[PDB]
Amino acid sequence: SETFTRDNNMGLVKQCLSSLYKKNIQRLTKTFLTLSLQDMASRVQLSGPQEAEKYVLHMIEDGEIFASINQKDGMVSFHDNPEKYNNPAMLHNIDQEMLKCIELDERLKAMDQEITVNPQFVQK
Amino acid sequence: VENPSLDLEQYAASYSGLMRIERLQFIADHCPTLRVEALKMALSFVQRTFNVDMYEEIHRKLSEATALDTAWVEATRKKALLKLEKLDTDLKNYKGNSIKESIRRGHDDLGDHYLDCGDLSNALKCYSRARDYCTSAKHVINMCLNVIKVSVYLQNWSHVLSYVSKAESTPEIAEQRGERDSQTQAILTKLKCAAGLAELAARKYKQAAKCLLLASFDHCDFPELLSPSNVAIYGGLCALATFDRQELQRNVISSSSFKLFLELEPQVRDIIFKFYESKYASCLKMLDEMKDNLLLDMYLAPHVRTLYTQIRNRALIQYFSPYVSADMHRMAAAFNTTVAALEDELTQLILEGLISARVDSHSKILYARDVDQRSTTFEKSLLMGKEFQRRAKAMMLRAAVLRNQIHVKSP
Amino acid sequence: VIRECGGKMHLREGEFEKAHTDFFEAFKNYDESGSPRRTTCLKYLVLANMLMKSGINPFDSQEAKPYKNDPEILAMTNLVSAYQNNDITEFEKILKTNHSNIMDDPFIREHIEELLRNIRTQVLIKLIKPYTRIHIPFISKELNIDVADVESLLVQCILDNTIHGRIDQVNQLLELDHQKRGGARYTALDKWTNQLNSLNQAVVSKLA
Numbered sequence: 001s002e003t004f005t006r007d008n009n010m011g012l013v014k015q016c017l018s019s020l021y022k023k024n025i026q027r028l029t030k031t032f033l034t035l036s037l038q039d040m041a042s043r044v045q046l047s048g049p050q051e052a053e054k055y056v057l058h059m060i061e062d063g064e065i066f067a068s069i070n071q072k073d074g075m076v077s078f079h080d081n082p083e084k085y086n087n088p089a090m091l092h093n094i095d096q097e098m099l100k101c102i103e104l105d106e107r108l109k110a111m112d113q114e115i116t117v118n119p120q121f122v123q124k
Numbered sequence: 001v002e003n004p005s006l007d008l009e010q011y012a013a014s015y016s017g018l019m020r021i022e023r024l025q026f027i028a029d030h031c032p033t034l035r036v037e038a039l040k041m042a043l044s045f046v047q048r049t050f051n052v053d054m055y056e057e058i059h060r061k062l063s064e065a066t067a068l069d070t071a072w073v074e075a076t077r078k079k080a081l082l083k084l085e086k087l088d089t090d091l092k093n094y095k096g097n098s099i100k101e102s103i104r105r106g107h108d109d110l111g112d113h114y115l116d117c118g119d120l121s122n123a124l125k126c127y128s129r130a131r132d133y134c135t136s137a138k139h140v141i142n143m144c145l146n147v148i149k150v151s152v153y154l155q156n157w158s159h160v161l162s163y164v165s166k167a168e169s170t171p172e173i174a175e176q177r178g179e180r181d182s183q184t185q186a187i188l189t190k191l192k193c194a195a196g197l198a199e200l201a202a203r204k205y206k207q208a209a210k211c212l213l214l215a216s217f218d219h220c221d222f223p224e225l226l227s228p229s230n231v232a233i234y235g236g237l238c239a240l241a242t243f244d245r246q247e248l249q250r251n252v253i254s255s256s257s258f259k260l261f262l263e264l265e266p267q268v269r270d271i272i273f274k275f276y277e278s279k280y281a282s283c284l285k286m287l288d289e290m291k292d293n294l295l296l297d298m299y300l301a302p303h304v305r306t307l308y309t310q311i312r313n314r315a316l317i318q319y320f321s322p323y324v325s326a327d328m329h330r331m332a333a334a335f336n337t338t339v340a341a342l343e344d345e346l347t348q349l350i351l352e353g354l355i356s357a358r359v360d361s362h363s364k365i366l367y368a369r370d371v372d373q374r375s376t377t378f379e380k381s382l383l384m385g386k387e388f389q390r391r392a393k394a395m396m397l398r399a400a401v402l403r404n405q406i407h408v409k410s411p
Numbered sequence: 001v002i003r004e005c006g007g008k009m010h011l012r013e014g015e016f017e018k019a020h021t022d023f024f025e026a027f028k029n030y031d032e033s034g035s036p037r038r039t040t041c042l043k044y045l046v047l048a049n050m051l052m053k054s055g056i057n058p059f060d061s062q063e064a065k066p067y068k069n070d071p072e073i074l075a076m077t078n079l080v081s082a083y084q085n086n087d088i089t090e091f092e093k094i095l096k097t098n099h100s101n102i103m104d105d106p107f108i109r110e111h112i113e114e115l116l117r118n119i120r121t122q123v124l125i126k127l128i129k130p131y132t133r134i135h136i137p138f139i140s141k142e143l144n145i146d147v148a149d150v151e152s153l154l155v156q157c158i159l160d161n162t163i164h165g166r167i168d169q170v171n172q173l174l175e176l177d178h179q180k181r182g183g184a185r186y187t188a189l190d191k192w193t194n195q196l197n198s199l200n201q202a203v204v205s206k207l208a
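Residue numbers (this note's numbering), protein chains in the order written: chain A, 1 to 124; chain B, 1 to 411; chain C, 1 to 208.
Here it is in structure tokens:
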């Protein structure tokens, strides 16, 4: 705690500790299709189903995980099915990502032709 | 429970030489069989062996039980030296006659008495003289077995592999077929179940099994090496863990050569044949029944942990292979375990790319998942594009800083 | 010199390919010389040609024509016919009616389960051809076996690359693989993406 507060980045370190839980919960999605809240708050060491409920709810609200809570059974159901690429809006994403590369290549050509005509780059 | 579920007489009969003494000391300095078997079994053969003192570390252990061979200790010390003098004088005579082209007889008995004394590779130079004053490859093949025998008690497994490679590669495919119907001598069996043993000690299980399963039961009697029974276990457990189903069927189950080996080891035969037929409820139980009998083996104990874990992981993948939606209750009842521990095992297996499955821990059902090729392709291509644009921007900035020659001076 | 009794436990083992090949030779060699063994030889000659699921009907191919049919053993001659037609009903009917006469024999103990398992395999393989999702209890009716036996047979068949499908335990199903999406275009796109990911780094690293 002395080094982390002498360098003034104390508070950016506690974010790593808080992010470890959010990383473990996301790692639960690669093995499970339906988990119990009491059972879930024993592998990520959250110590309580009540706190695991809000930990999952916050991650759902931020678009970090794809899941749904069931307070009746008290179980978290992982969906893991965001998108199928047949949307007329994904075409917009591909178009924008293509236009950015087109502009980048145009810039590269522009600052390449300025070297092609350099009088110093004719003697070597 | 550690119990003496072995008979010492058959172990003593199978082996001969220093290997028998080493095996007897190994089982002794573990903690089965000592109580009354140890003193009788070990002391019987120390009369003809050297270094004398090997008993004392195990001798005082009888005190808590609450020998008398004290005069014999000084008896062997004075008599050991006499055998060395004649052979030390003998090698001078062989050089005196200048018959070095035919002194191969001189090293015929020179190397055996050295190994009888528990000496070291210092004698091995004589076998080098075999390479220098011989013409036909037959003497080289002869001395290769001797050097392998003396290197077995040397922990020089890589050195053993190099010499087996030399002995198998230098001649023409080991005398081709060996004057038809195989050679009269069984040196092929030794070159097979010595390189396989060395690969086993090198933690190369698949190659060890592949070499050991190719042995022959013609002579197969190896007092200086692993017993015929041990070949079956070494080649069976090492094959159940690394061989695929097709390889298991072609090289083990259908092979006539290994069936004779499996005849005298019923437990391994039943284990293999019930693993193949998808009967894991009792295959694992029989595998566990003999776990505290291979831990007392000298060449297989350290790997018992690695093999038994590797076999089980190969069963779990095989059990969940024809199924698209399996019940975890019957899955756990067929592995002699509980659902709570089976869930941990399956989670560990799924975390790595071994099983493509998802656990439903509400009705306890293991579902088989299928990856969407199109979505995965789109995701990875978009990620690659993002990384490429980031690298392009970084490189352009690097070009700007390099052109302007921006750096921090030492001052 | 006799292999009975004193040498019998050497021959008590089941592996008989050596005699399987020699049966065709012994059909003629000991025909007029091995008279005591002729009664048992004619029954066993069928087995050798029966194990490879080939050889049409040995009822009249070779010189066994004088023997042809024998009045006491007739379903034994039709056993190979039923095997060739892959009709389980004829096989089971023959076994139940003519028991103690086809089965009586010893050498049939070691081979009856082998025989009445390669008919069910072909019947099941043909049965699943037009379906994409089948019911295990429905297969349990065509084959005169229980559910627990047909599930094990399906597992063994699926393992040895003979049935391209997967079982559904909780629903007692069998889902067969029938659809083949484009698997060559996306693999090519993956290879192209993965190769560009390395070419870009190689190009960028030149500006060190």
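Idealized CB from N, CA, C, for every residue including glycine.
Exercise. So, are the CB atoms of residue 242(B) and residue 299(B) less than 8 Å apart?
Worked result: No, these two residues do not count as a Cβ contact at 8 Å.
Problem set entry | Continuous beta strand (DSSP E) stretch holding residue 135(C): start and end | Start and end: 133 to 135.
For this session: Step through the CB atoms of chain B and report whether any lies within less than 8 Å of the CB of residue 59(A).
Result: Closer than 8 Å: no.
For this session: Using alpha carbons as the reference points, say which of 168(B), 219(B), 106(B) lies closest to residue 184(B).
Result: Looking at the Cα atoms, 219(B) is the closest of the given residues.
Exercise. Looking only at C-alpha atoms, which of 366(B), 379(B), 18(B), 246(B) sits nearest to residue 168(C)?
Worked result: For residue 168(C), the nearest C-alpha among the options comes from 366(B).
Exercise. Around the Cβ of residue 31(A), are there at least 16 other Cβ atoms within 10 angstroms (buried) or fewer (exposed)?
Worked result: Buried, because 16 or more other Cβ atoms sit within 10 Å of the Cβ of residue 31(A).
For this session: Leaving out five residues on either side along the sequence, give the residues of the same chain with a beta carbon under 8 Å from the beta carbon of residue 162(C).
Result: Excluding residues within five positions, the ones whose Cβ falls inside 8 Å are 121, 125.
Exercise. Should residue 161(A) be labelled buried (16 or more other beta-carbon atoms within 10 Å of its own) or exposed?
Worked result: Residue 161(A) is absent from the model: chain A starts at 1 and stops at 124.
For this session: Report the partner residues of residue 360(B) according to the DSSP bridge assignment.
Result: The partner list for residue 360(B) (beta bridge, DSSP) reads 34(A), 365(B).
Problem set entry | Where the region 269 to 291 of chain B meets chain C: residues whose CB sits under 9 Å from a CB there | Listed by position, the residues of the region 269 to 291 of chain B near chain C (Cβ gap below 9 Å) are 277, 278.
For this session: Determine, using beta carbons only, whether residue 408(B) comes closer than 8 Å to chain C.
Result: With respect to chain C, the C-beta atom of residue 408(B) has no partner C-beta closer than 8 Å.
For this session: Could you tell me whether the region 342 to 354 of chain B touches the region 165 to 179 of chain C, where touching means 3 or more Cβ pairs closer than 8 Å?
Result: No, they do not touch.
Problem set entry | residue 163(B) beta carbon less than 8 Å from that of residue 200(B) | No, the pair does not count as a contact, with Cβ atoms beyond the cut-off.
Problem set entry | Where residue 69(B) falls: helix, strand or coil (DSSP) | In the three-state scheme derived from DSSP, where H, G and I count as helix and E and B as strand, residue 69(B) is classed as coil.
Problem set entry | Span separating the alpha-carbon of residue 356(B) from that of residue 159(C) | One C-alpha to the other measures close to 17 Å.
Exercise. Would a check of beta-carbon distances place residue 47(A) closer than 8 Å to chain B?
Worked result: No, its Cβ sits nowhere closer than 8 Å to a Cβ of chain B.
Problem set entry | Straight-line gap, residue 190(B) to residue 54(C) (C-alpha atoms, nearest Å) | Near 43 Å, if we compare the C-alpha coordinates of residue 54(C) and residue 190(B).
Problem set entry | Beta-bridge pairing of residue 328(B) - partner residues as DSSP gives them | Beta-bridge partners assigned by DSSP to residue 328(B): none are found.
Exercise. Quick one: is residue 190(C) near chain B, going by C-beta distance under 8 Å?
Worked result: So, interface residue.
Problem set entry | Segment contact flag, the region 73 to 80 of chain C with the region 42 to 52 of chain C, C-beta cutoff 8 Å, min 3 pairs | Inter-segment contact for the region 73 to 80 of chain C and the region 42 to 52 of chain C is present: three or more beta-carbon pairs are separated by less than 8 Å.
For this session: Would you mind stating whether residue 193(B) and residue 154(B) have Cβ atoms separated by less than 8 Å?
Result: The Cβ-Cβ distance between residue 193(B) and residue 154(B) does not fall below 8 Å.
Exercise. What three-state label does DSSP hand residue 320(B) in the structure shown?
Worked result: Coil, per DSSP.
Problem set entry | Residue environment, residue 303(B), which counts as buried when at least 16 other CB atoms sit within 10 Å | When all chains shown are included, residue 303(B) counts as buried.
For this session: Using the Cα positions of residue 195(B) and residue 9(B), report the straight-line distance between them to the nearest angstrom.
Result: Whole-angstrom Cα-Cα distance: 28 Å.
Exercise. Under the rule that 16 or more other beta-carbon atoms within 10 Å means buried, what is residue 199(C), buried or exposed?
Worked result: Residue 199(C) should be labelled exposed.
Exercise. For chain C, is any of its Cβ atoms less than 8 Å away from the one on residue 174(B)?
Worked result: With respect to chain C, the C-beta atom of residue 174(B) has no partner C-beta closer than 8 Å.
Exercise. Between residue 415(B) and chain C, is there a C-beta pair that is closer than 8 Å?
Worked result: Here chain B has residues from 1 to 411 only, and residue 415(B) is not among them.
Exercise. At which residues does the alpha helix (DSSP H) containing residue 60(C) begin and terminate?
Worked result: Boundaries cannot be given for residue 60(C), as no alpha helix (DSSP H) includes it and DSSP labels it neither H nor E.
For this session: Measure the C-alpha to C-alpha separation of residue 354(B) and residue 324(B) and round it to an integer number of angstroms.
Result: So the two alpha carbons sit approximately 15 Å from each other.
Exercise. By DSSP, does residue 29(C) sit in helix, in strand, or in coil?
Worked result: DSSP, read as helix, strand or coil, puts residue 29(C) in helix.
Exercise. Hey, does residue 391(B) have any beta-carbon neighbour from chain A nearer than 8 Å?
Worked result: Not a single CB atom of chain A sits nearer than 8 Å to the CB of residue 391(B).
Exercise. Three-state secondary structure (DSSP) at residue 263(B)?
Worked result: The three-state secondary structure of residue 263(B), taken from DSSP, is helix.
Exercise. If you draw a straight line from the C-alpha of residue 214(B) to the C-alpha of residue 197(B), how long is it?
Worked result: Taking C-alpha positions only, residue 214(B) is separated from residue 197(B) by approximately 13 Å.
Exercise. How long is the line joining the alpha carbons of residue 329(B) and residue 146(C), rounded to whole angstroms?
Worked result: The straight-line gap from Cα to Cα measures roughly 21 Å.
Exercise. Mind checking if residue 310(B) is an interface residue toward chain C, Cβ cutoff 8 Å exclusive?
Worked result: At a cut-off of 8 Å, the C-beta of residue 310(B) has no neighbouring C-beta in chain C.
Exercise. Cα-Cα, which of 6(A), 10(A), 44(A), 37(A) is closest to residue 20(A)?
Worked result: The shortest Cα separation from residue 20(A) among 6(A), 10(A), 44(A), 37(A) belongs to 44(A).
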